[PDB]
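J.: Here it is, the structure, as structure tokens.
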Amino acid sequence: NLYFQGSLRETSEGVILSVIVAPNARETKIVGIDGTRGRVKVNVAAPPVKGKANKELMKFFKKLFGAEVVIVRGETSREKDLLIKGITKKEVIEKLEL
Ligand code: NA
Ligand code: NA
């Protein structure tokens, strides 16, 4: 039921996945799509302090995609853009739709 196409774009370097983080969660997980922002809603099991939400977010998606993931926008924001290097949009969508 979730459509990720409005939260992704494929660039020269890989795929930029646009997310909005909800911290203080009991489990890091994808919960839905913010259609007004074009972002994947991700609960993150970390407080919003010490870059701890960034660390958990990148661990989660590196494991999911099997590729390196860096934060390219929003290091100190809830609205973060994640560059997944060396991957196609088709691959990213397949992993998100699991
Ligand atoms: Na590009
Ligand atoms: Na994962």
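J.: State, as an integer percentage, the relative contact order of the range 38-98 based on alpha-carbon contacts under 8 Å between residues 6 or more apart.
T.: Relative CO of the range 38-98 lands at 22 percent.
J.: What order do you get for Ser12, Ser18 when you list them from fewest to most C-beta neighbours inside 10 Å?
T.: Ranking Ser12, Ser18 by Cβ neighbours within 10 Å, fewest first, gives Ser12, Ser18.
J.: Relative to the Cα centre, what is the charge dipole magnitude of the chain, using +1 at the beta carbon of each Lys and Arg, -1 at the beta carbon of each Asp and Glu, and rounding to the nearest 20 debye?
T.: Using only the charged Cβ atoms, the result is roughly 300 debye.
J.: In the chain, with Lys and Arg counted as +1 and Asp and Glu as -1 at Cβ, which of these residues, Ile33, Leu98, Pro48, has the Cα nearest the positive end of the dipole, that is, farthest along it?
T.: With unit charges placed on the Cβ atoms, the residue in question is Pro48.
J.: Further question on the same structure: Which one, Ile84, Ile20, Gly6, projects farthest toward the positive side of the charge dipole computed for the range 5-96 from Cβ point charges (K/R +1, D/E -1)?
T.: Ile20
J.: Follow-up. Whose amide H sits under 5 Å from the amide H of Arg39, counting only residues 5 or more places off or on another chain, with H placed in the peptide plane?
T.: Under 5 Å from the amide H of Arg39: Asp34.
J.: Here's another thing I want to ask about it. Enter the mean projected area of the convex hull around the alpha-carbon atoms of the range 48-98, in nm², rounded to one decimal.
T.: Averaged projected hull area, Cα only: 3.6 nm².
J.: I've got another one for you. Report, to one decimal in Å, the Kirkwood hydrodynamic radius for the chain based on all distinct Cα pairs.
T.: Over the chain, the inverse of the mean reciprocal pair distance is 13.2 Å.
In this analysis, Cβ positions are derived from the backbone assuming ideal geometry, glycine residues included, and neighbour counts consider all displayed protein chains. Bear in mind these aren't lab numbers, they're just calculated from the coordinates by the rules spelled out.
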